[PDB]
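Comments concern the structure below.
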Amino acid sequence: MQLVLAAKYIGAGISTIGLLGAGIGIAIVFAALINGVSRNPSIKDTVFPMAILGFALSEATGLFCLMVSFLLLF
Amino acid sequence: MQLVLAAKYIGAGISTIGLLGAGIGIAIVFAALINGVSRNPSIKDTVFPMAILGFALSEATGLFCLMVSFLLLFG
Amino acid sequence: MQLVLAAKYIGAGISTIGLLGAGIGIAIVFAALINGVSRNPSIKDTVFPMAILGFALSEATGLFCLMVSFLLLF
Amino acid sequence: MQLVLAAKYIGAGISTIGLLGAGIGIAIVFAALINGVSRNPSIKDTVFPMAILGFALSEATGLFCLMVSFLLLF
Amino acid sequence: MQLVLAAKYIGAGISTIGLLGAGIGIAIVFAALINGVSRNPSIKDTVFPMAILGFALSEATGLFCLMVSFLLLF
Amino acid sequence: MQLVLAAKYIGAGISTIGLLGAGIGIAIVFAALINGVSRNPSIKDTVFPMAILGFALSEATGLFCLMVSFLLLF
Amino acid sequence: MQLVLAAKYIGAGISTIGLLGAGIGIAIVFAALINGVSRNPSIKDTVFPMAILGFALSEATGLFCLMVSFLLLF
Amino acid sequence: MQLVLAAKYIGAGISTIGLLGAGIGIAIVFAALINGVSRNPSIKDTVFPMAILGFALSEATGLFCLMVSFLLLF
Amino acid sequence: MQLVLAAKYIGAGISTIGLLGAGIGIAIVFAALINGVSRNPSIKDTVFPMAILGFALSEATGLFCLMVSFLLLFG
Amino acid sequence: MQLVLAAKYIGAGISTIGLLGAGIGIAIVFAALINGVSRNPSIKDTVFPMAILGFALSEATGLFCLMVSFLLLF
């Protein structure tokens, strides 16, 4: 039991590493948004929803990691 | 069996690392979509389905990682 | 209990790795803000709130990592 | 026998890390497709098959990782 | 007690890895500042406070990592 | 013998990590092909064999990794 | 006591990994300086102090890693 | 002897990780070749041998990794 | 003492990983030098010493890693 | 003795990881060379020696890693 519980807690920590992808990815989306709007302000209403979609889908990958983390913790 | 169970849980955690690739990749596809549309608004309806296809193929690599994770946790 | 405690401490250290994502991502958002404003100063009031949202969402991924770190430590 | 089985499951998990390469690579290919079509719409029919080939070859590297994973798992 | 002490020291070392994110991110912010000012010198007074804010927020992520490191050490 | 067998399986898993390099690299080559052809369609027949060569050489690095993996497995 | 000393030396080694962030970040800052001066030589006196500040702040993150390393070593 | 052999196998797997550098690097060289030729077709005979040298030198680093892998296996 | 010696050698190996940062950083500085000079040849004598300073500061981070490596191997 | 020798061989494998930096760095230098020459062929005699210097210094970091690897192996 002790070794199993120890493994769950180590595993839970490892399972958060993948969240770095969402941290970087969300930023990449918002950087494109800002750069696109600066170059062409008239396009903002068109590209803003694309940025929200892009962020949500990138974020979902990190939430999958967190899902595994919480299964191991709890 | 305690060693094997321990290994399943460590392995499950390690199996999620590869999801960082889809996290970054999905973002890269959507950034190109945004920059392409900002440069040439008329192209939107042509490139939007390319972005959907690209996101889905990138995401699938992460879903393979997650599949292995769930197999280790539950299988 | 000592083995479980050892694992909680190792797990907590591992759980901070993912914060590198927010470190880089917050920077990527601010770089875009700066480059966008330099190229088109008149867009500043439009893109500044986009940068704030972008950084907040990227930071949230790192805060998720830190939450797991603190759950393991406490 | 338990040490060997433990090794197989740890090894299977490690074998999925390389899939991050295909996750990023497939995206890089599709980003180029989108940017190329945006800059020169007439080139679409020419560059689309290149993107399909690029994606397939990048994905193949991740499929090799997953092959090793399943060999270790089963 | 030896096991717990060992884990604190390994955990503390691991807890510093995330600082690479701030190392890179702080640089990305200042690179943007330099490139933006080189392209449009008149914008310097507007973008400089943005760079200070961006640096501070990226640096904070590395400080959270170091916080965990010091908690494990002391 | 259990220890050696265990190490072969963990080593085999570790040996696949390097394949992420080819995953990314193959994509970088094809992205360049797409962007170069979009900018200058007349150059397609000249640069296509360059892309095939570049892909093959990047892929070779991942094949060396997989070679070690199979040696450890079999 | 030997397990604890072993942990300190393993931990000290791990504590240097984060220095890669400063290695890359310092370079990113100097790359921007060089490119900015090349594009607009007259801006040299303005951007050079920015590069010095950027380098110092990026390097500081690596110095924090090295601090933990030496704490663990000695 | 079994513990030493186990370590040689684990070490051999670890020694292939660095090949990811050549996987990416060879691609970066070929991407430049393709983009350079697309922008200036007349430069092809000048930059092609530069690409060959570039790829050879990047590949050498991966071959150094593979050498250590083979010394550990043999 | 065998455990401690073992740890010194593993730690020494791990201490070299950070050198990848200087490997990449030195390259980034020289790439900027090359691209800057290609775009504006007259600037060469101004930016060359900036590249030397930049390379040296990036390299020093790797030399800190190596210092820890040697301390673990020999100290 | 057995555990010490095992540690040397694992350490030797780990010591090659850092060579990925030189694999990528050497390529980055040669990519700049190729792109610079394509944009401005007349500059080739000036920038070629800069590329050789840049490659040598990037390569030196990997040779430092290899140095440690061979000390551990032999």
Side-chain angles (χ1 to χ4, degrees), chain D residues 21-22 25-26 28-29 32-33 36 46-61 64, chain F residues 18-67, chain H residues 19-63 66, chain J residues 23-38 51 55:
Chain D
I26 289 166
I28 287 171
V29 175
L33 171 66
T46 300
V47 292
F48 189 76
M50 302 173 173
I52 300 310
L53 180 58
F55 139 70
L57 293 168
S58 180
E59 194 200 3
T61 74
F64 294 134
Chain F
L19 270 157
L20 72 89
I24 295 162
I26 295 172
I28 285 169
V29 174
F30 277 92
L33 173 62
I34 292 162
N35 289 323
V37 170
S38 76
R39 292 179 183 282
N40 185 3
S42 67
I43 208 57
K44 179 178 66 95
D45 290 345
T46 296
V47 296
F48 188 71
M50 299 173 183
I52 300 301
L53 179 59
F55 139 70
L57 295 170
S58 179
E59 195 199 27
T61 68
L63 292 180
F64 297 144
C65 292
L66 196 64
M67 188 166 307
Chain H
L19 271 152
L20 75 82
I24 293 163
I26 291 168
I28 287 178
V29 173
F30 275 86
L33 169 67
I34 290 157
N35 289 321
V37 166
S38 163
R39 288 175 186 276
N40 187 2
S42 71
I43 208 56
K44 178 179 66 99
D45 293 338
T46 298
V47 296
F48 189 74
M50 301 176 174
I52 301 299
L53 177 59
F55 117 79
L57 295 171
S58 178
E59 195 197 8
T61 71
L63 294 179
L66 195 67
Chain J
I24 294 163
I26 291 170
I28 285 172
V29 174
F30 273 86
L33 169 64
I34 289 161
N35 288 326
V37 171
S38 299
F55 130 72

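Quick note on labels: first sequence line is chain A, next is B, and so on, each numbered from 1. When reading the values below, keep in mind they use all heavy atoms of this one structure, side chains included, and skip hydrogens, waters and symmetry mates.
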* Asked: Which atoms form the tightest heavy-atom contact between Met50(F) and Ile34(H), and what is the distance?
  -> CB-CG1, 4.0 Å
* To do: Taking all heavy atoms of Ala27(J) and all of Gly25(H), pick out the closest pair and write down the distance.
  => CB-O, 3.0 Å
* Structure fact -> Output for pair (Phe30(H) CZ, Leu53(F) CG), nearest 0.5 Å, gives 4.0 Å
* Asked: Which pairs pass side chain to side chain donor-acceptor pair (under 3.5 Å) with one or both residues in residues 28-39 of chain F, sequence neighbours excluded?
  -> none
* How close do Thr46(D) and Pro49(D) get, heavy atom to heavy atom, and via which atoms? -> O-CD, 3.3 Å
* Asked: Does some side-chain heavy atom of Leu33(F) sit less than 4.5 Å from a side-chain heavy atom of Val29(F)?
  -> no
* Asked: How long is the span from the OG1 atom in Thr61(F) to the CG atom in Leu66(F), to the nearest 0.5 Å?
  -> 11.5 Å
* Would you please name every residue forming a side-chain contact (heavy atoms from CB on, under 4.5 Å) with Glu59(H), sequence neighbours left out? => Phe64(F), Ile26(H), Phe55(H), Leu63(H)
* To do: Quick one: pull up CD1 in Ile24(F) and OG in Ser58(D) and give me the separation to the nearest 0.5 Å.
  => 8.0 Å
* Where do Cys65(F) and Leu19(F) come nearest, in terms of heavy atoms and distance? -> SG-N, 4.3 Å
